[PDB]
Amino acid sequence: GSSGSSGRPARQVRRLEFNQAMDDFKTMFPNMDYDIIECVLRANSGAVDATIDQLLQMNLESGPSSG
């Protein structure tokens, strides 16, 4: 029947990607350590967009900007 109740759909999968990420980071930052990479992953709480900027800067390090 379904009448009256009209809510929005909310699925539950949150597949997310960690294994792949690690690899990406492995290729993105070789100097990085599997412990570090992940550290960020967790430190940031599963967030590539973040985990990236993280290692990004890290690799950069107080220096020239370039661009």
# chains A, B, ... in the order shown; residues from 1 in each chain; ligands from 1
>>> residues_around(residues="region 34-37 of chain A", least_positions_apart="4", cutoff="8 Å", atoms="only C-alpha atoms", output="PyMOL selection string")
chain A and resi 22+25-26+41+51+55
>>> select_by_dssp(residues="chain A", states="helix (DSSP H, G or I)", output="ChimeraX atom specification")
/A:19-28,34-45,48-60
>>> closest_residue(among="A:48, A:4, A:11, A:64", to="residue 23 (chain A)", atoms="only C-alpha atoms")
A:48
>>> closest_residue(among="A:6, A:56, A:67, A:18", to="residue 38 (chain A)", atoms="only C-alpha atoms")
A:18
>>> atom_distance(atom1="CA of residue 31 (chain A)", atom2="CA of residue 59 (chain A)")
8.2 Å
